[PDB]
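Peer 1: Input model03.pdb, format and content: PDB, C-alpha atoms and all ligand atoms.
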ATOM      1  CA  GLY A   1      -9.554 -21.596  26.381
ATOM      2  CA  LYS A   2     -12.878 -23.131  25.415
ATOM      3  CA  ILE A   3     -13.734 -26.827  25.281
ATOM      4  CA  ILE A   4     -17.097 -28.438  24.516
ATOM      5  CA  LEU A   5     -17.829 -31.935  25.849
ATOM      6  CA  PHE A   6     -20.501 -34.089  24.205
ATOM      7  CA  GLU A   7     -22.532 -37.014  25.532
ATOM      8  CA  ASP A   8     -22.560 -38.878  22.210
ATOM      9  CA  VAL A   9     -20.054 -39.536  19.439
ATOM     10  CA  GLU A  10     -19.964 -37.220  16.415
ATOM     11  CA  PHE A  11     -20.885 -34.221  18.604
ATOM     12  CA  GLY A  12     -24.382 -35.452  19.368
ATOM     13  CA  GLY A  13     -26.421 -35.489  22.538
ATOM     14  CA  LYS A  14     -26.027 -33.252  25.574
ATOM     15  CA  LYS A  15     -23.165 -30.763  25.537
ATOM     16  CA  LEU A  16     -21.163 -28.888  28.170
ATOM     17  CA  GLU A  17     -19.054 -25.866  27.239
ATOM     18  CA  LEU A  18     -16.208 -25.049  29.633
ATOM     19  CA  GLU A  19     -13.766 -22.147  29.853
ATOM     20  CA  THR A  20     -12.159 -23.118  33.175
ATOM     21  CA  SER A  21     -10.785 -26.279  34.760
ATOM     22  CA  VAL A  22     -13.248 -28.665  36.422
ATOM     23  CA  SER A  23     -11.893 -31.153  38.976
ATOM     24  CA  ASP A  24     -15.127 -33.153  39.158
ATOM     25  CA  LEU A  25     -17.429 -33.358  36.132
ATOM     26  CA  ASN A  26     -20.232 -34.631  38.428
ATOM     27  CA  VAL A  27     -20.845 -31.017  39.487
ATOM     28  CA  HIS A  28     -22.262 -30.523  35.962
ATOM     29  CA  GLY A  29     -23.722 -34.040  35.514
ATOM     30  CA  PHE A  30     -21.024 -34.929  32.973
ATOM     31  CA  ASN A  31     -19.046 -37.609  34.781
ATOM     32  CA  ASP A  32     -18.443 -40.770  32.778
ATOM     33  CA  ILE A  33     -20.607 -39.871  29.788
ATOM     34  CA  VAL A  34     -18.363 -38.014  27.335
ATOM     35  CA  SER A  35     -18.024 -39.620  23.905
ATOM     36  CA  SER A  36     -16.848 -36.701  21.696
ATOM     37  CA  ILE A  37     -15.121 -33.335  22.168
ATOM     38  CA  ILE A  38     -14.570 -30.062  20.346
ATOM     39  CA  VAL A  39     -11.700 -27.842  21.464
ATOM     40  CA  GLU A  40     -12.494 -24.341  20.178
ATOM     41  CA  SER A  41      -9.409 -22.712  21.707
ATOM     42  CA  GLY A  42      -6.618 -23.494  24.131
ATOM     43  CA  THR A  43      -4.773 -26.692  24.924
ATOM     44  CA  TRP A  44      -6.643 -28.972  27.369
ATOM     45  CA  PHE A  45      -5.836 -32.075  29.358
ATOM     46  CA  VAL A  46      -8.740 -34.387  30.033
ATOM     47  CA  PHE A  47      -8.543 -37.063  32.720
ATOM     48  CA  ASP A  48     -10.351 -40.334  33.485
ATOM     49  CA  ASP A  49     -10.232 -39.756  37.278
ATOM     50  CA  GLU A  50     -11.479 -36.772  39.254
ATOM     51  CA  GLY A  51      -8.967 -34.194  40.441
ATOM     52  CA  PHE A  52      -6.805 -34.017  37.326
ATOM     53  CA  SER A  53      -5.588 -37.546  37.861
ATOM     54  CA  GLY A  54      -5.895 -40.999  36.299
ATOM     55  CA  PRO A  55      -5.298 -41.580  32.564
ATOM     56  CA  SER A  56      -4.724 -38.177  30.880
ATOM     57  CA  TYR A  57      -5.055 -36.976  27.289
ATOM     58  CA  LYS A  58      -3.782 -33.812  25.599
ATOM     59  CA  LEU A  59      -6.139 -32.022  23.232
ATOM     60  CA  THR A  60      -5.419 -29.024  21.040
ATOM     61  CA  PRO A  61      -7.920 -27.001  18.985
ATOM     62  CA  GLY A  62      -9.994 -29.204  16.684
ATOM     63  CA  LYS A  63     -12.704 -31.829  16.657
ATOM     64  CA  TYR A  64     -12.523 -35.249  18.314
ATOM     65  CA  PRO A  65     -15.534 -37.260  17.078
ATOM     66  CA  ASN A  66     -14.963 -40.336  19.295
ATOM     67  CA  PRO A  67     -12.785 -41.305  22.274
ATOM     68  CA  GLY A  68     -10.290 -43.145  20.008
ATOM     69  CA  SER A  69      -9.533 -39.788  18.419
ATOM     70  CA  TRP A  70      -7.937 -38.671  21.724
ATOM     71  CA  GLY A  71      -6.577 -42.165  22.546
ATOM     72  CA  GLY A  72      -9.100 -42.651  25.350
ATOM     73  CA  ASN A  73     -12.059 -44.701  26.545
ATOM     74  CA  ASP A  74     -15.783 -44.026  26.112
ATOM     75  CA  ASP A  75     -17.773 -42.739  29.077
ATOM     76  CA  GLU A  76     -14.715 -42.194  31.313
ATOM     77  CA  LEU A  77     -13.778 -38.514  31.480
ATOM     78  CA  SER A  78     -14.093 -37.180  35.029
ATOM     79  CA  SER A  79     -12.067 -33.934  35.101
ATOM     80  CA  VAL A  80     -10.615 -31.382  32.635
ATOM     81  CA  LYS A  81      -7.758 -28.868  32.996
ATOM     82  CA  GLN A  82      -6.591 -25.961  30.842
ATOM     83  CA  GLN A  83      -2.906 -25.915  29.811
TER      84      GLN A  83
HETATM   85 CA    CA B 101     -21.558 -41.248  26.038
HETATM   86 CA    CA B 102     -13.925 -41.494  35.027
END
Can you dump the structure from the file as C-alpha cells?
Ligand SMILES: [Ca+2]
Ligand SMILES: [Ca+2]

Peer 2:
Amino acid sequence: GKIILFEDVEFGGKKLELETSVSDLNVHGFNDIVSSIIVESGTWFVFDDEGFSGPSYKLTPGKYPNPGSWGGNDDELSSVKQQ
C-alpha cells in the first residue's frame, strides 16, 4: 500500500508518503495538519486520534482533494493504518 498525505487542500503544501502504518503522525511532523490525500495503492484507514483510534475513515485508491471528500475534518488526522 502507498498513501500520500498533504498539508494543504488540492494536494498542495508539504507531503508525506507512507507505505506502513503510523500510530502517531507527530513522529513525522504531520499531526493535525492534513488537508488532502492521495491513495496510490491499498485500502487505508485514517484516524483523528493517535493509535488507530478516534473518528476513522476508509480510503481506497484515488484522490481526496479536501477532508470532506473522506467525510472528515481539516487538520485532524493523527494516525493511519493499512487494511
Ligand atoms: Ca492543513
Ligand atoms: Ca487528531

Peer 1: Take the PyMOL selection byres (((chain A and resi 34) around 12) and not hetatm), apply it to the structure above, and return the hits as a VMD selection string.

Peer 2: chain A and resid 4 to 16 25 to 26 29 to 33 35 to 38 46 to 48 64 to 67 70 72 to 80

Peer 1: Can I get the selected residues back with C-alpha atoms, as a PDB file, in the coordinates of the input?

Peer 2:
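Here's the written file out.pdb:
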ATOM      1  CA  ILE A   4     -17.097 -28.438  24.516  1.00  0.00           C
ATOM      2  CA  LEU A   5     -17.829 -31.935  25.849  1.00  0.00           C
ATOM      3  CA  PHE A   6     -20.501 -34.089  24.205  1.00  0.00           C
ATOM      4  CA  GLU A   7     -22.532 -37.014  25.532  1.00  0.00           C
ATOM      5  CA  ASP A   8     -22.560 -38.878  22.210  1.00  0.00           C
ATOM      6  CA  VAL A   9     -20.054 -39.536  19.439  1.00  0.00           C
ATOM      7  CA  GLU A  10     -19.964 -37.220  16.415  1.00  0.00           C
ATOM      8  CA  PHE A  11     -20.885 -34.221  18.604  1.00  0.00           C
ATOM      9  CA  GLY A  12     -24.382 -35.452  19.368  1.00  0.00           C
ATOM     10  CA  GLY A  13     -26.421 -35.489  22.538  1.00  0.00           C
ATOM     11  CA  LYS A  14     -26.027 -33.252  25.574  1.00  0.00           C
ATOM     12  CA  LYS A  15     -23.165 -30.763  25.537  1.00  0.00           C
ATOM     13  CA  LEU A  16     -21.163 -28.888  28.170  1.00  0.00           C
ATOM     14  CA  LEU A  25     -17.429 -33.358  36.132  1.00  0.00           C
ATOM     15  CA  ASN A  26     -20.232 -34.631  38.428  1.00  0.00           C
ATOM     16  CA  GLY A  29     -23.722 -34.040  35.514  1.00  0.00           C
ATOM     17  CA  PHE A  30     -21.024 -34.929  32.973  1.00  0.00           C
ATOM     18  CA  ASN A  31     -19.046 -37.609  34.781  1.00  0.00           C
ATOM     19  CA  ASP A  32     -18.443 -40.770  32.778  1.00  0.00           C
ATOM     20  CA  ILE A  33     -20.607 -39.871  29.788  1.00  0.00           C
ATOM     21  CA  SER A  35     -18.024 -39.620  23.905  1.00  0.00           C
ATOM     22  CA  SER A  36     -16.848 -36.701  21.696  1.00  0.00           C
ATOM     23  CA  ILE A  37     -15.121 -33.335  22.168  1.00  0.00           C
ATOM     24  CA  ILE A  38     -14.570 -30.062  20.346  1.00  0.00           C
ATOM     25  CA  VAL A  46      -8.740 -34.387  30.033  1.00  0.00           C
ATOM     26  CA  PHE A  47      -8.543 -37.063  32.720  1.00  0.00           C
ATOM     27  CA  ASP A  48     -10.351 -40.334  33.485  1.00  0.00           C
ATOM     28  CA  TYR A  64     -12.523 -35.249  18.314  1.00  0.00           C
ATOM     29  CA  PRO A  65     -15.534 -37.260  17.078  1.00  0.00           C
ATOM     30  CA  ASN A  66     -14.963 -40.336  19.295  1.00  0.00           C
ATOM     31  CA  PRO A  67     -12.785 -41.305  22.274  1.00  0.00           C
ATOM     32  CA  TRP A  70      -7.937 -38.671  21.724  1.00  0.00           C
ATOM     33  CA  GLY A  72      -9.100 -42.651  25.350  1.00  0.00           C
ATOM     34  CA  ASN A  73     -12.059 -44.701  26.545  1.00  0.00           C
ATOM     35  CA  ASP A  74     -15.783 -44.026  26.112  1.00  0.00           C
ATOM     36  CA  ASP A  75     -17.773 -42.739  29.077  1.00  0.00           C
ATOM     37  CA  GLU A  76     -14.715 -42.194  31.313  1.00  0.00           C
ATOM     38  CA  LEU A  77     -13.778 -38.514  31.480  1.00  0.00           C
ATOM     39  CA  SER A  78     -14.093 -37.180  35.029  1.00  0.00           C
ATOM     40  CA  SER A  79     -12.067 -33.934  35.101  1.00  0.00           C
ATOM     41  CA  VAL A  80     -10.615 -31.382  32.635  1.00  0.00           C
TER      42      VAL A  80
END

Peer 1: From the set A:28, A:50, A:59, A:23, which residue has the shortest atom-to-atom contact distance to residue 2 (chain A), counting all atoms listed in the file?

Peer 2: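 Closest to residue 2 (chain A) of all the choices is A:59.
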
Peer 1: Give me, please, the distance in Å between CA of residue 24 (chain A) and CA of residue 42 (chain A), quoted to one decimal.

Peer 2: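 CA of residue 42 (chain A) lies 19.8 Å from CA of residue 24 (chain A).
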
Peer 1: May I have the residues within 10 Å of residue 71 (chain A) as a list in words, using all atoms listed in the file and disregarding those fewer than 6 positions away in the same chain?

Peer 2: residues 56, 57 and 58 of chain A

Peer 1: Might you spell out which residues the PyMOL selection byres (((chain A and resi 62) around 8) and not hetatm) would select in the displayed file, as a list in words?

Peer 2: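 In the shown coordinates, the PyMOL selection byres (((chain A and resi 62) around 8) and not hetatm) covers residues 38, 39, 40, 60, 61, 63 and 64 of chain A.
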
Peer 1: Record the distance separating CA of residue 1 (chain A) and CA of residue 21 (chain A), expressed in Å with one decimal.

Peer 2: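 A separation of 9.7 Å between them.
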
Peer 1: From the set A:51, A:3, A:20, A:83, which residue has the shortest atom-to-atom contact distance to ligand CA 102 (chain B), counting only C-alpha atoms and all ligand atoms?

Peer 2: A:51

Peer 1: Suppose you want the space between CA of residue 43 (chain A) and CA of residue 82 (chain A); what is it in Å?

Peer 2: 6.2 Å

Peer 1: Using all atoms listed in the file for the distances, tell me which of A:22, A:55, A:27, A:41 is nearest to ligand CA 102 (chain B).

Peer 2: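 For ligand CA 102 (chain B), the nearest of the candidates is A:55.
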
Peer 1: Could I see region 18-30 of chain A restored to N, CA and C atoms, set down as a tab-separated table (two decimals), in the coordinates of the input?

Peer 2:
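Saved file result_7.tsv follows:
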chain	number	residue	atom	x	y	z
A	18	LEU	N	-17.02	-25.48	28.51
A	18	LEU	CA	-16.21	-25.05	29.63
A	18	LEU	C	-15.10	-24.07	29.21
A	19	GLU	N	-14.85	-23.09	30.07
A	19	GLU	CA	-13.77	-22.15	29.85
A	19	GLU	C	-12.81	-22.10	31.05
A	20	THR	N	-12.96	-23.07	31.96
A	20	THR	CA	-12.16	-23.12	33.17
A	20	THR	C	-12.00	-24.59	33.51
A	21	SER	N	-11.02	-24.91	34.35
A	21	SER	CA	-10.78	-26.28	34.76
A	21	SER	C	-11.94	-26.75	35.63
A	22	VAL	N	-12.19	-28.06	35.62
A	22	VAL	CA	-13.25	-28.66	36.42
A	22	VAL	C	-12.70	-29.96	36.99
A	23	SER	N	-12.51	-30.00	38.31
A	23	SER	CA	-11.89	-31.15	38.98
A	23	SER	C	-12.83	-32.34	39.10
A	24	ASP	N	-14.14	-32.09	39.01
A	24	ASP	CA	-15.13	-33.15	39.16
A	24	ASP	C	-16.32	-32.90	38.25
A	25	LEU	N	-16.34	-33.57	37.10
A	25	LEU	CA	-17.43	-33.36	36.13
A	25	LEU	C	-18.82	-33.66	36.66
A	26	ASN	N	-18.93	-34.40	37.76
A	26	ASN	CA	-20.23	-34.63	38.43
A	26	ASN	C	-20.97	-33.35	38.80
A	27	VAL	N	-20.22	-32.29	39.09
A	27	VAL	CA	-20.84	-31.02	39.49
A	27	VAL	C	-21.76	-30.50	38.38
A	28	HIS	N	-21.45	-30.86	37.14
A	28	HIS	CA	-22.26	-30.52	35.96
A	28	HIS	C	-22.97	-31.72	35.32
A	29	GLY	N	-23.02	-32.86	36.02
A	29	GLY	CA	-23.72	-34.04	35.51
A	29	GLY	C	-23.07	-34.67	34.29
A	30	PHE	N	-21.76	-34.51	34.17
A	30	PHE	CA	-21.02	-34.93	32.97
A	30	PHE	C	-19.91	-35.94	33.28
